[PDB]
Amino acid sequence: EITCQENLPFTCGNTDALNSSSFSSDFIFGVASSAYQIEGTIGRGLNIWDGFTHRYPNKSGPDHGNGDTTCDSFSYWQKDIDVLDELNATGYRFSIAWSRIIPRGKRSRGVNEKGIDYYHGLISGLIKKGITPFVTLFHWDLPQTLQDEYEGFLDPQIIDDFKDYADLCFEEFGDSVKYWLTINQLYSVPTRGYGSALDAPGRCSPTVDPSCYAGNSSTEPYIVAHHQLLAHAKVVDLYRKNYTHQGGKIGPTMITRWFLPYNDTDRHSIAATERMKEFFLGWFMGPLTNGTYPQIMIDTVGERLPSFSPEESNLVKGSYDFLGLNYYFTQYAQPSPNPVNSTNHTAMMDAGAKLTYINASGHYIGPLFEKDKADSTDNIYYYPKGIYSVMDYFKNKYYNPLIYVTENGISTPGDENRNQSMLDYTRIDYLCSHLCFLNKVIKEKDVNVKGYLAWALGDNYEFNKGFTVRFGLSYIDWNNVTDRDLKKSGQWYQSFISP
């Protein structure tokens, strides 16, 4: 019988009590990254994260930091491999920058052979060290030209441009890559990119954020989400019909959260919590497992929710061999009004829920996850049991999928000096506490989870935060980015992997 801790102090950092041998022998352990966050702009075209961070510098991070040079994994990809080799990792999730291999967006405009060679060398070097690549096609870095020609995922033209890009990736790299992810965290661009405008491309309703160049927070998240699903599904059909000889697997990435009632004896809070599961997870998982959006979304969102044609429904339903599930935290849910006629209405309001980390009796859900120095009541807190609840729910609600946990991690402040930053015991505690619950749900619920990739390999440009926070299991000095030095957490993870 497995017992896992939910509150500090944690004791799961002792590899005598929790280690890779606690899991099945075939289980994959590694780390994750994304191309905008680590490579730098050298050698690639420009994408909407370049555009957004340059046009709206105060949304790039408090430091106005961006991905221009970052940790220079363009130059230092071998040093990334060396971290993975030091860890004895068996998996690495990275993304391909579309703008590196097709700078002009549309494949017929030509490819960047040198860009293709960069990924070929990375892939070869990973395989040579026994590391299985998990490759994300699209981690948000859409070529700027596509955004400017047709507003990117706002238009159905994205579908064919994404498909041609993916086809190029399968053709060039699929002989060696056997695990593909389509779109990172389906929820994120619709809501953050086209709802709140926290993220590229930065569209919203005028009264939501007067800085947005265009948009409609009430409608565009749904359009974008629908096109993401169709683009994803077209790519999965291409993969499975034209690249079956490669013997690989493909899936989307979901951002997952658990949700608990703000007040667990209040029917209204309980209802809000179930609405959140449908609006946050089901928005994408309903289409992926059934070809339709959740009924509560159909009912609430009304004419703002696009329909799938019968052909589209069939394409989207079942369009995965596995799911990449990212998990960071859990929220309490309580009712909230949905003012659809308000000029500042957003799609996120349609769930009719307000989300917190503190429940009605004042209980904070778990340890600190992210401090917000401008407003401490907005701090995020984590909840290790949430990974168990999420995986259990996916097995039960969504037809017992094959799952890889494709991100899980925690930041530490960029104001810490190097010594404090390397003594990242808070990261050991976060990682180990989640891994305890992940082992527990695999054993107790028989969820088909076959790997775990912690966020992040190294310190990088963090979307929305610049270099003001660090997520790496290895430290990078921003004054000289060559080295990636294992932190206490990297050292711990090394021992967890090879106890």
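One rule holds for the numbers: they count along the sequence shown, beginning at 1.
If you take the mean CA temperature factor per stretch, which one wins between 479-487 and 14-22?
Comparing 14-22 with 479-487, the higher mean C-alpha B-factor belongs to 14-22.
Averaging CA B factors per stretch from the PDB record, which one is higher: 119-127 or 368-376?
Mean C-alpha B-factor is greater for 368-376.
So among 152, 105, 306, 190, who wins on Cα B-factor in the entry?
So the option with the highest C-alpha B-factor is 306.
Going by the CA temperature factor in the entry, name the top one among 50, 39, 462, 446.
If I rank 50, 39, 462, 446 by C-alpha B-factor, first place goes to 446.
Considering only modelled residues of the same chain, in which third does the CA B-factor of residue 468 rank: lowest, middle or highest?
As the PDB entry reports it, the C-alpha B-factor of residue 468 lands in the highest third of its chain.
Against its chain's modelled residues, does residue 317's Cα B factor rank lowest, middle or highest third?
Its C-alpha B-factor belongs to the middle third of this chain's values.
For residue 59, return the chain-relative third of its C-alpha B-factor as stated in the PDB record: lowest, middle or highest.
According to the entry, residue 59 has a C-alpha B-factor in the chain's middle third.
Ranking every modelled residue in this chain by its Cα temperature factor as given in the entry, which third contains residue 355?
Tercile = middle for this residue's CA B-factor.
Grab the CA temperature factor for residue 333 from the record and place it in the lowest, middle or highest third of its chain.
Ranked within chain, residue 333 CA B lands in the lowest tercile.
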